[PDB]
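Asker: Here come the first chain(s), positioned as in the complex:
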Amino acid sequence: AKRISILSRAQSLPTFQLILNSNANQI
């Protein structure tokens, strides 16, 4: 994300959160 933001700045970020969506078997 840091790399992408700095690259796209041409015309600090906190720790990102991961969200896991799964379709596997449900206990």
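Answerer: On my side now, so go ahead. Numbering: from 1, shown residues only, chains lettered A, B, ... in the order given.
Asker: so where do the helices sit in chain A?
Answerer: A:2-9 (DSSP state H).
Asker: Geometric centre of it: which residue is closest?
Answerer: residue A:16 (5.8 Å; C-alpha atoms, centre = their mean).
Asker: Find the residue closest to that one in space, skipping its chain neighbours.
Answerer: residue A:1 (5.8 Å; C-beta to C-beta, 6 or more residues apart in numbering). For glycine as for every other residue, the C-beta is placed from the backbone atoms N, C-alpha and C.
Asker: Am I right that the residue nearest to the centre of chain A is in contact with residue A:4?
Answerer: No: Residue A:16 is beyond contact range of residue A:4, at 11.3 Å (criterion: C-beta atoms under 8 Å).
Asker: tell me, how many neighbours does residue A:26 end up with?
Answerer: For residue A:26, the count of nearby residues is 5 (other C-beta atoms under 10 Å).
Asker: so how far is residue A:27 from residue A:14?
Answerer: 33 Å (C-beta to C-beta, to the nearest Å).
Asker: Those two: which is more packed in?
Answerer: residue A:14 (6 against 3).
Asker: now the sequence for chain B, which goes on the structure above:
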Amino acid sequence: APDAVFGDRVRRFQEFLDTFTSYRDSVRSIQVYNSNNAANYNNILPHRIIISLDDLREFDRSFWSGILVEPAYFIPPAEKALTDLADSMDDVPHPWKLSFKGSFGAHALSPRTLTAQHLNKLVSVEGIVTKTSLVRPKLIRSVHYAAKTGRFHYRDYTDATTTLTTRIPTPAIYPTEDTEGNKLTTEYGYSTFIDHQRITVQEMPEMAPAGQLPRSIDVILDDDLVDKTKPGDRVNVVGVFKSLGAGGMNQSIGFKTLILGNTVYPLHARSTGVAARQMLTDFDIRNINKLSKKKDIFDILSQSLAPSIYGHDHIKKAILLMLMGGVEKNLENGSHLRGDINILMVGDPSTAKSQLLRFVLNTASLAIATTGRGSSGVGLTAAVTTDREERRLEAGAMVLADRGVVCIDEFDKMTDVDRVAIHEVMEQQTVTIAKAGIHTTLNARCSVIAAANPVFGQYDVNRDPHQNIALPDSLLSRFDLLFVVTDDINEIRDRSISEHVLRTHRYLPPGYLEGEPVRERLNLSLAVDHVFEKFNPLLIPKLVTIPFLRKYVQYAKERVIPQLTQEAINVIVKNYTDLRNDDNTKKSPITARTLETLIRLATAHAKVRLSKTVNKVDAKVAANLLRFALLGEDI
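Answerer: Once chain B is put in with the chains from before, the structure reads:
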């Protein structure tokens, strides 16, 4: 230790204050008012000021952004700048504090959207007050006296909630004895105590998600901001969203969060206790005075109450007189004479009675809307809540509508038991509890307006009005004007109704397209272009804008206190005697309440004309209204 960045921000804010001289003028007004009140006695107005965040954003984007997102570091410099400006201005021989208004952008929130990623920022939360802790004073400085040495010693005190910045936590113990060891006696009255109140703001039910538990946030109000509102109000509490406590990190689950109060704005919403006051400019007062001179002022105003509704002009006149009200009289012996007029509408369905009630709710300064049985006898008046934290009193509808209107709808569906409790409020304007060991007499000076269909669905000419109304004679007596309306099938009248309805439905708001749906506006007015409206559903009188009518009512109620005259008294007495001693099968029973309502209606008309005295024309108009209500005569 002095800080350079602090001084720089102080200088920047002093420059801002000098740029916008309105705040300097307001400070001068505060100080001269306090000095004058000091000189008069050989209400002190508080040391506060309002800062337009829009003006600040125009002046300096950096400072505006700093206050908005970094308030703990920007507010104290601005407060110190204001204090220095006040000291310099006060050439005539307790720091000042700031208050903020304007657009807060993304920080304008509600207790549901108040997440941790807004912490330590200036926020403007809006909601309904639900709890108000009783004002408990806080000890900030204690003065002690040493008997042996004969000198006074003091110690200053502070806590986390006092300071926006995190001052180093120092234990605050009470100075029991002096340094030399002598006994110390506390000197109350020299020690400085400051007020402190914790209020809880809940999300407004008007925009809370239906069916879900609510969200609440605590607000700590101190000094001038205490007791600013009561439970059941609507507030706009702007303040710093501080977070306190150790968070459990210290070895003893989350951090305690609350809003330090900078400003409290009681907000007017329909059917809420907060009154809707308005600012009267000199231009507005001049317009009101000029328009009051016309002889047809009563007709002009009455037409403007319900332009949408066709006809019912006598009902509209009665409603306007209700909005003006009468003058309540208090005598030395303690007797209180009602100065409020109550209107009851009985008629066929689809007679626009509920529409008139809704308009009265929408236009009065303080109105409360109730339905037939949804607001029970406990819901009306008041009743003890038996709260475990003990036997608190909760004000029902009518107590919350003090000096206001209660718009009861479907009066006929009301329970008999519910309408038993309404008699005292109607006449004596008080609510007596005398319950559970609580003996209290709440003040309920409310004007009641009700609509109720006849028992047989449609008014029956064949039956006498006593059979149709089916209300107790006492209740009908308490109601000043009992209007019996009907849906009569008449070709000319009905086609005129159709014309008016189709004209109303063919209206396009100025800032709208043809197929553009009309967007609902909550319109949470805050309790603090021409006079005439060009659009008219009914065509040629001059109709005034509803906000101008509200301004007119607000002016007339406060400024004018009419008094009776012998000329009006003779007319009132003659009308009363003629009504009482002539039998014409009147709709309502005729008692001394009829005399009282004649007096009150004359007073209301006098207030409309902005007359310091009640004249003959007021008496004639009041008698005409009463005769129209009872006999149906119309001239």
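Asker: before we move on, the earlier item: angles on the backbone of the residue nearest to the centre of chain A, please.
Answerer: phi -70, psi 150 (degrees, to the nearest 10).
Asker: for residue B:39, helix, strand, or coil?
Answerer: helix (DSSP: H, G, I helix; E, B strand; the rest coil).
Asker: tell me which element residue B:73 falls in.
Answerer: Per DSSP states H and E, residue B:73 falls inside helix B:71-89.
Asker: what does residue B:260 give?
Answerer: Going by DSSP H and E, residue B:260 is part of strand B:256-263.
Asker: which strands and helices sit next to that strand?
Answerer: Strand B:256-263 is packed against strand B:97-101, strand B:122-132, strand B:216-222, strand B:234-244, with contacts defined by 3 or more C-beta pairs under 8 Å, 6 or more residues apart in numbering or on different chains; DSSP states H and E.
Asker: how about the helices in the stretch 251-400 of chain B?
Answerer: Listed in chain order, the helices of the stretch 251-400 of chain B (DSSP state H, counting those that start in this stretch) span B:282-291, B:297-305, B:313-324, B:353-363, B:397-400.
Asker: include chain C as well:
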Amino acid sequence: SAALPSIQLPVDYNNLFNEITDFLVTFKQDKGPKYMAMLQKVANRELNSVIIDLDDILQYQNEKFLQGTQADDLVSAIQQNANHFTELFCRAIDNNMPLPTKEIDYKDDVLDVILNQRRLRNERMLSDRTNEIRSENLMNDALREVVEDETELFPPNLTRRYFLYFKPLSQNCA
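Answerer: Chain C added:
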């Protein structure tokens, strides 16, 4: 910010850094610039010590003021706080260091070969990171910034061979 307060002081290190850089580049009084030639001699591994003549700085200030351009008092600032200006001059020199025209010939000091190895290694790391991030395909200025932020180079403190010294003002001139 309350624990460590702040003080505004008449010195601005950025303006003085610009003045230092300009003085180093454009001083000719003693054909080419004196200090640029000295730096060239240093780059060729001849001189190990750069002697910053304060009289040169004073003459530079006098020239700038005489023509009307406003130049801050660099000599006074150097005298008042000499330690910081040592590092200011050192970094200004490290920015403006030219490249050698005579390479290692097996007779150079071991310090010089170690410094050259470190310089080449950190340049190679920088270029390699630039190549990787460019190949990721997510302006070259942003690329340079991200690669210099993401790499651990040998600091410039470990790639300088010269020594920096200040010569005080001659009394007669002052």
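Asker: And the strands in chain C?
Answerer: For chain C, the strands defined by DSSP state E occupy C:49-53, C:163-167.
Asker: Please identify the deepest-packed of the ones you listed.
Answerer: Scoring those by mean neighbour count under mean count of other C-beta atoms under 10 Å in any protein chain shown gives strand C:49-53 as the most buried, with a mean of 16.
Asker: Reformat the strands of chain C as CSV; add distance to residue B:181.
Answerer: Rendered in CSV, the data for the strands of chain C read as follows (distance: least, C-beta to C-beta, whole Å):
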stretch, distance to residue B:181
strand C:49-53, 66
strand C:163-167, 62
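Asker: between these, which gets nearest to chain A?
Answerer: Checking those against chain A by C-beta to the nearest C-beta gives strand C:163-167 as the closest, at 34.7 Å.
Asker: Could you dump the strands of chain C into TSV with distance to chain B added?
Answerer: Formatted as TSV, the strands of chain C follow (distance: least, C-beta to the nearest C-beta, whole Å):
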stretch	distance to chain B
strand C:49-53	31
strand C:163-167	30
